[PDB]
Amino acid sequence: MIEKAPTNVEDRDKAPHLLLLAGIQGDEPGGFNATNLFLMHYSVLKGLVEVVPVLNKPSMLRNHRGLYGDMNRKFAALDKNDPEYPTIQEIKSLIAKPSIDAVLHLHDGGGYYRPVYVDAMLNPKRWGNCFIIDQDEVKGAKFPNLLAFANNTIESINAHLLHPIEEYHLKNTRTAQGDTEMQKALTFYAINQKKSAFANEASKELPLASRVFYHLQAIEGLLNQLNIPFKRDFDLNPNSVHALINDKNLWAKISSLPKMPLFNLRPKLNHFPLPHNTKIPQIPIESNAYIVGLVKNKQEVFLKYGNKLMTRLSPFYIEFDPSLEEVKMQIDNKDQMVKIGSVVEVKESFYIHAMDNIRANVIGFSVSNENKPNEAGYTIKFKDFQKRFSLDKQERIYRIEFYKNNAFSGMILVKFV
């Protein structure tokens, strides 16, 4: 759970409080790319929006809906030995908090919903491009009139239509009065705790940038009805949405290793160091996005950005000695100290100074065939590199690794501008 709040605490009580959820199935990327882009490029000026950007992370990592069955069918009867029993108990705690007024759950669904039959793709049994409620009202809620909030939200979405077929409509499922599937579902538990709950569906038949465009129009619409004010730093059209999701300024950081670009990496990275006696889900990880992770696949380890594969790691396990903090280096004529885990920019040349009990291996450069080398003490230029060992496709980024006895001591990266 991540909060999105005003930079000054005084404003938190000044507007209502929304709970925003997505990723309860791992194969619905419109939903969790939208929660991600909201977290990165928007600001909430009054009130609060709490976000769980992906509820079932093990499944998002395996591009699979469910893994332990459906998570959106486990809010009623549930055996105490079920594997996700602890996780739904926590989600139930989040919904039931006093300070939460409203809930929005984001989905991607098949076809295009219509309130009457038209053909196989367009009918009341489909889920795509609609906005959803359990009941027309909820006696006891702060905002009890579900039906009106929905209709004004839909009006807003339709003023910005790309093409005529994507038009939005309302869908009421009348949950308390018949169908037993929605009785086991998330929003029905939420109205039983007297909260106003909603769902948005975008059609699985659209390219990713269009699905996200509509998930963002829906959020922008609902926040307007609740009077939670906001600001974004970009123009909302499909071309601009495509350019923020595929942004060349995105990064990820594994354990104590340095920051790496997300896009334009090589497909496979070899002899990549990782800590021993530590199961893969326990290895720390960081990014300027909220949907990044690691997952074990036979012998390799995969780096994921939502459902996109960004590179395959071929690892090797070794103790991580934390003793070494910094290293001395010359860059474009000037001597300086550089901390373990940095990135540095070079126009012409660099040089590494030697150390006690520490060994250094510049990956892509070599001076002999001895397989545990020490390449401290050489003046090195761009033309001295074997370009195939670069970390990127543009052939400008290279690794430097440090060792002591049988232990890994740290990494640094160089970038040729």
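Heads up, when I say rigid core I mean the largest set of C-alphas that superpose within 1.5 Å between the two forms. Note that residue numbering begins at 1 and tracks the sequence as displayed.
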{"item": "Stretch departing more from the displayed form, 29-37 or 372-380, Cα RMS in 4 other deposited structures of this protein (core fit)", "value": "372-380"}
{"item": "RMS Cα shift after core superposition in 4 other deposited structures of this protein, winner of 18-26 and 399-407", "value": "399-407"}
{"item": "Mean C-alpha B-factor comparison - 174-182 and 194-202, higher one", "value": "174-182"}
{"item": "Stretch with the greater mean C-alpha B-factor as recorded in the entry, comparing 6-14 against 20-28", "value": "6-14"}
{"item": "Out of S349, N361, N369, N33, residue topping the C-alpha B-factor column of the entry", "value": "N369"}
{"item": "Highest-ranked of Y112, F230, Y317, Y168 once sorted by CA temperature factor in the record", "value": "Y317"}
{"item": "Modelled-residue ranking by C-alpha temperature factor, third containing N151", "value": "lowest"}
{"item": "CA B-factor ranking of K393, expressed as a third of its chain", "value": "middle"}
{"item": "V241, C-alpha B-factor rank within chain (lowest, middle or highest third)", "value": "middle"}
{"item": "For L222, the third of its chain into which the C-alpha B factor falls", "value": "lowest"}
{"item": "Entry-reported Cα temperature factor of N357, expressed as the chain third it lands in", "value": "highest"}
